[PDB]
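Okay, structure first, notes after.
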Amino acid sequence: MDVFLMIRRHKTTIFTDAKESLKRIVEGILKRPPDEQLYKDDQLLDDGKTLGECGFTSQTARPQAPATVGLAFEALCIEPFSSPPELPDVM
Amino acid sequence: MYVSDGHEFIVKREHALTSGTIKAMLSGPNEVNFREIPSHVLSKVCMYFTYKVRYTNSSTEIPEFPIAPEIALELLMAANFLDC
Amino acid sequence: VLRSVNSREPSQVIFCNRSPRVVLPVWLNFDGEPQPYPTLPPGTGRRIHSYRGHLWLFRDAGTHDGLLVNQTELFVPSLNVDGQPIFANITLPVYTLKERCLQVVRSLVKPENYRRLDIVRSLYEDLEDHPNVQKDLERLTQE
Amino acid sequence: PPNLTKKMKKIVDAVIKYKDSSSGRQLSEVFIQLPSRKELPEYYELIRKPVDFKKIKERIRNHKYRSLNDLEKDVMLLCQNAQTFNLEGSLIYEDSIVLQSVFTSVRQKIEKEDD
Ligand SMILES: Cc1ncsc1-c1ccc([C@H](C)NC(=O)[C@@H]2C[C@@H](O)CN2C(=O)[C@@H](NC(=O)c2ccnc(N3CCN(c4cc(-c5ccccc5O)nnc4N)CC3)c2)C(C)(C)C)cc1
Ligand code: NA
């Protein structure tokens, strides 16, 4: 169907959507070659554009909660975000 | 085509068009920066952006847009300050 | 001013609750007045004996949030052609992120304590203005 | 009438929740609320003493039934009404007859098995 995902690299992030069955879109946007690139949870993904075969079915990568994907010639921990305040009036 | 406590984010232009306030800064009469909002709120914001277009006027059984309680206070001021 | 037509002609109707809320079917008495009917669990659906031309309004039974039936604001039983019961698909709308953020906050704080938030003085109005039944009626009746 | 109401409740509660053995429908839902005067002028004129269950429900609440024998002839009047307004063999007709023998068979169980 249509899977909605989320790629991050050192706090810079892309929201887009593709089919359940890649990086070529990166080359058009980042103007860097696609072969230089790309994985989740320390398990790169070679054979690109097969999307689903790794776990990104139409229920995990949904718009209200996209699925995280990482981008690489360097390894890196994409910088996380800020944390919530939990104001005390509620509860 | 496409566009910490700042913006630093890129989404489709049409998904940007969702918010009314951000239909004003650019293309008036590019990049856009936010000097108030953190980086954790902008996640749930542009998540609503993608959630908005995919489901509006699509007769499929619409599911809820989720909100964690620790996020409500700061999305609300955002979506207020965003006319969305 | 806005109510149901008294054709005695029946209409087998069925409510498919296709939304995560608990839906509250609301019938509109012939004096414009609303009368409520038993609630509907989120996933399930139920068959009814309604009569053609009548007016149904749908709404969360707990927050009274705006619920969508058959893709439109309201539902009027048409005539069932081959006896096929008419389907009132009770689904959600796509709320504004402002509205959606409003509902989550009303769920987490009591009214006697709304004003103690350290938030914008405008949103207090937007919070204290709750989604109402008859209020939305004057809005639809207006043109 | 110390718990006299409590037993009338069971009686009416049982008749309403009665389900057909083949169809399963609640078989009392027509009779629950009787449509209004503006909306059915010919019932209220042809019928001497109109009645539905909502009135019996709340007549029990006012406990104006001195006896169970009192409660019966209201529920009896209820079907006797529907049998005149409706045609012999019509769905509503043949069902009012059923509930007559539903209130009948239910009264026996309740009175005895509670002293
Ligand atoms: C939504 C929902 N979710 C979960 S569960 C549920 C649900 C809710 C309600 C219902 C009931 C069963 N269904 C309605 O609530 C419908 C759905 C709405 O559209 C409206 N509605 C009404 O009931 C209103 N109006 C009329 O019914 C009306 C109007 C004009 N004419 C009417 N006729 C002509 C005359 N009839 C006869 C009656 C009797 C008789 C009856 C009682 C005692 C002695 C008798 O002798 N005997 N013989 C007849 N021929 C009845 C049909 C009826 C109401 C005002 C009564 C509330 C079912 C399911
Ligand atoms: Na009824």
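Residue numbers start at 1 in each chain; chains themselves are named A, B, ... in the order of the structure tokens; ligands are numbered from 1 in the order shown.
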Chain A residues near chain B (9 Å cut-off, only C-alpha atoms) as a PyMOL selection string = chain A and resi 4+11-17+29+62-66+80-87+90
Residues from the last selection, C-alpha atoms, saved as a compact mmCIF listing (two decimals), in the first residue's frame:
```txt
# COMPACT_ATOMS: atom_id res chain seq x y z
CA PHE A 4 4.87 6.76 5.70
CA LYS A 11 18.97 16.12 13.83
CA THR A 12 18.08 16.91 10.17
CA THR A 13 15.00 14.97 9.17
CA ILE A 14 12.74 14.16 6.19
CA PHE A 15 9.02 13.33 6.18
CA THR A 16 7.83 11.54 3.03
CA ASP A 17 5.88 8.45 1.95
CA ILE A 29 17.03 16.21 -2.47
CA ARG A 62 1.79 5.12 9.26
CA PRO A 63 1.47 8.93 9.13
CA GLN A 64 0.55 9.60 12.76
CA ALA A 65 3.62 7.58 13.82
CA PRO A 66 6.20 7.17 11.01
CA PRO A 80 17.86 12.97 19.53
CA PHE A 81 15.41 15.73 20.46
CA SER A 82 14.39 17.60 23.61
CA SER A 83 12.46 16.01 26.49
CA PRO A 84 9.00 16.87 27.87
CA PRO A 85 8.26 18.86 31.05
CA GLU A 86 5.27 16.94 32.55
CA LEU A 87 3.57 19.98 34.10
CA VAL A 90 -2.54 17.26 34.97
```
Residues at most 12 Å from ligand 2, using only C-alpha atoms and all ligand atoms? Could they come as a list in words?
-> residues 27, 35, 36, 37, 38, 48, 49, 50 and 51 of chain C; 16, 26, 27, 28, 29, 30, 31, 32, 33, 34, 35, 36, 52, 53 and 54 of chain D
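In plain terms, chain B touches chain C through residues 61, 62, 76, 79, 80 and 84 of chain B, where touching means an atom at most 6 Å away, counting only C-alpha atoms.
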Residue C:12 surroundings by only C-alpha atoms, 12 Å radius, close-in-sequence under 3 positions cut, as a ChimeraX atom specification | /C:9,15,46-52,76-88
Please, which residues of chain C lie no more than 10 Å from chain D when the count uses only C-alpha atoms, and can they be set out as a PyMOL selection string?
-> chain C and resi 5-8+30+49
Those same residues, written as a PDB file, in the first residue's frame with C-alpha atoms?
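Output contents, as saved in result37.pdb:
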```pdb
ATOM      1  CA  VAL C   5     -40.536  14.741   9.330  1.00  0.00           C
ATOM      2  CA  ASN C   6     -43.526  12.660  10.443  1.00  0.00           C
ATOM      3  CA  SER C   7     -43.817  10.159   7.679  1.00  0.00           C
ATOM      4  CA  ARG C   8     -44.886   6.940   9.368  1.00  0.00           C
ATOM      5  CA  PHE C  30     -40.382  16.770  16.135  1.00  0.00           C
ATOM      6  CA  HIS C  49     -35.982   0.544  13.569  1.00  0.00           C
TER       7      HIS C  49
END
```
Members of chain C assigned strand (DSSP E or B) by DSSP, as a VMD selection string | chain C and resid 10 to 17 23 26 to 28 34 to 36 40 45 to 51 56 to 57 59 to 60 66 68 to 69 72 75 86 to 91
Would you mind reading off the distance between atom CA of residue D:6 and atom CA of residue D:59, one decimal, in Å?
-> 13.2 Å
Would you mind reading off the distance between atom CA of residue C:45 and atom CA of residue D:21, one decimal, in Å?
-> 22.4 Å
Contacts of residue A:75 within 10 Å, only C-alpha atoms, excl. fewer than 4 positions in-chain, as a PyMOL selection string = chain A and resi 9+38+70-71
Enumerate the residues of chain A with a DSSP assignment of alpha helix (DSSP H), computed from the backbone, and present them as a count of residues only.
-> 7
